[PDB]
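> FYI, the numbering for the sequence shown is 5 to 170, 183 to 352, going by the entry's author numbering. My questions will all concern the structure given below.
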Amino acid sequence: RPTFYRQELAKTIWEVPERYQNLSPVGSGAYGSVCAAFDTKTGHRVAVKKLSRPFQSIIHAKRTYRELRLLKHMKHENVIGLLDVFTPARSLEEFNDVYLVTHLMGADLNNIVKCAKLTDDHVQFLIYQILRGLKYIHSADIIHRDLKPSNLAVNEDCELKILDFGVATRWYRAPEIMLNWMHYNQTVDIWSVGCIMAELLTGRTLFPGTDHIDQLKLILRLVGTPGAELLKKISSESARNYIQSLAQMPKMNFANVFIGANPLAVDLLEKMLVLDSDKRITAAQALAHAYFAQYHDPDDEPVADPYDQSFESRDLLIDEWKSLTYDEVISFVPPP
Ligand SMILES: COc1c(NC(=O)c2ccc(C)c(-n3cc(C(=O)NCc4ccccc4)nn3)c2)cc(C(C)(C)C)cc1NS(C)(=O)=O
């Protein structure tokens, strides 16, 4: 067991292995209880996250376990990975805190775009990586659900990583989620990618809504009123009428919005920003799209190992979730 040392950052007490030095708060709370630190074992800067109140409730307990399990499984170039996980507790009895360690990301997508308009090559590479990482997460039967510029990190060589901190999320949210259609599929993430890719090509938020309703009306105005085909798949009658009553604004054509952009990029955009999620292109298919020809490689776009998510359909007591979490902490083996 490493030797720990404690300190108070802001108003919280951090107790971490000596290995991690010079802890410094970051994200102004945007990442949560996160600190940047120097991993003395490798000389590399890392992000140390102290889970809030891990076991204060059953909901917290399960989310704690969920994140620990997910991070331990995520082994992909375009997805955040778990470098270390620890607790100052010496036993299950005193186990009350969990810290997750990951590489420290450099800058999000906003910081990179806030400069000058990225070239088409730049856009291809970035979107390609998001799509590459998405293929991997989706292959593990996992849905991000909150993709956005602030959740996407890019390094020196423009390498990108998908993260989550648990730009308004709504601007990139698929319409079916904001309509509470309950039956969301993975492509809800593809809608977000389209909104992100659009913003990188125009420098402006595609659907900058004030509230969800306004946001919804903006979306329908661009992707159009729901067609007969989509309407017949909506069981709720009030839902069916509502979605139509929200598409009363004067229509807008797609092409106009992306004028000047590479025709291939607009083609992909039209296949990502489709109202009917069933007809929305998947991450896997997007990767083969001609817009990513200079980057696509069927041999270097890996999927995830089978991921056991049986715990999601479980309803257990806090202590049970805590014990399960503790087990995952002790069984953690760092990657080479
Ligand atoms: C919230 O839980 C997660 C996570 N956890 C994380 O992404 C995570 C874990 C630990 C740490 C220390 C961090 N982390 C790294 C940084 C960082 O480098 N910030 C600086 C910086 C940052 C950006 C730009 C510039 C500078 N901050 N926090 C992230 C991931 C995921 C996916 C992406 C795999 C689907 C889902 C959930 N959802 S769930 C399990 O259902 O709960």
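The beta-carbon is built from N, C-alpha and C at its ideal position, and this holds for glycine as well.
Nearer than 7 Å: is that true of the beta carbon of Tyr35 relative to any heavy atom of ligand 1?
Taking the first residue of the sequence shown as 1, we reach residue 35 at position 31. Checking the Cβ of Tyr35 against ligand 1 gives yes.
> Report buried or exposed for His48, applying the criterion of at least 16 other Cβ atoms within 10 angstroms of its Cβ.
Here residue 48 refers to the residue found at position 44 of the sequence shown. Result: exposed.
> Would you say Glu81 touches ligand 1, meaning its beta carbon is less than 7 Å from a heavy atom?
Position 77 of the sequence shown, counted from the start, is the residue given in the question as residue 81. No, the beta carbon of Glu81 sits no closer than 7 Å to any heavy atom of ligand 1.
> If you follow the alpha helix (DSSP H) that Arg73 is in, where does it begin and where does it stop?
On the sequence shown, residue 73 is found 69 positions in, with the first residue counted as 1. Segment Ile62 to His77, the alpha helix (DSSP H) holding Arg73.
> Whether or not the stretch 109-122 and the stretch 210-218 are in contact is what I'm after, with contact meaning three or more pairs of Cβ atoms, one per stretch, closer than 8 Å; do they touch?
yes
> Beta carbon of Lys53: closer than 7 Å to some heavy atom of ligand 1?
To locate residue 53, count along the sequence shown from 1; it is residue 49. Within the cutoff, so yes.
> Cβ-heavy atom distance between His148 and ligand 1 below 7 Å?
The residue given as residue 148 occupies position 144 in the sequence shown. The answer is yes for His148.
> Scan the stretch 80-158 and note each continuous beta strand (DSSP E) run of 3 residues or more that stays entirely inside, going in chain order.
88-90, 103-107 and 156-158
> Which two residues bound the contiguous beta strand (DSSP E) that contains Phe169?
As a working mapping, residue 169 is identified with position 165 in the sequence shown. Taken as a continuous stretch (DSSP letters only), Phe169 belongs to no beta strand (DSSP E), as it is neither H nor E.
> How close, in whole Å, do the beta carbons of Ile206 and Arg296 come, if the pair is a contact with beta carbons under 8 Å?
The residue labelled residue 206 in the question sits at position 190 within the sequence shown. The residue labelled residue 296 in the question sits at position 280 within the sequence shown. Confirmed, Cβ separation roughly 5 Å.
> Could you say which of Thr203, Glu22 and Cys211 lies nearest to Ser143 if we only look at CA atoms?
Sequence index remark: in the sequence shown, residue 143 carries index 139 (1-based). Residue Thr203 is the option with its Cα nearest to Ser143.
> Counting only the same chain and skipping the five closest in sequence on each side, list residues whose C-beta sits under 6 Å from that of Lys54.
For this step, residue 54 is matched to residue 50 along the sequence shown. Excluding positions up to five away in sequence, the list reads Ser37 and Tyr103.
> Buried or exposed for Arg136, going by 16 or more other Cβ atoms inside 10 Å?
Within the sequence shown, the letter at position 132 stands for residue 136. The residue in question, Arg136, is buried, as its Cβ has 16 or more Cβ neighbours within 10 Å.
> Can we count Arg70 as close to ligand 1, meaning its CB is less than 7 Å from some heavy atom?
Taking the first residue of the sequence shown as 1, we reach residue 70 at position 66. With a cutoff of 7 Å, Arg70 counts as near ligand 1, since its C-beta is closer than that to a heavy atom of the ligand.
> Using the Cα positions of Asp335 and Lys66, report the straight-line distance between them to the nearest angstrom.
Translated into positions along the sequence shown, residue 335 becomes position 319. Translated into positions along the sequence shown, residue 66 becomes position 62. Distance between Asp335 and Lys66, taken at the CA atoms: about 11 Å.
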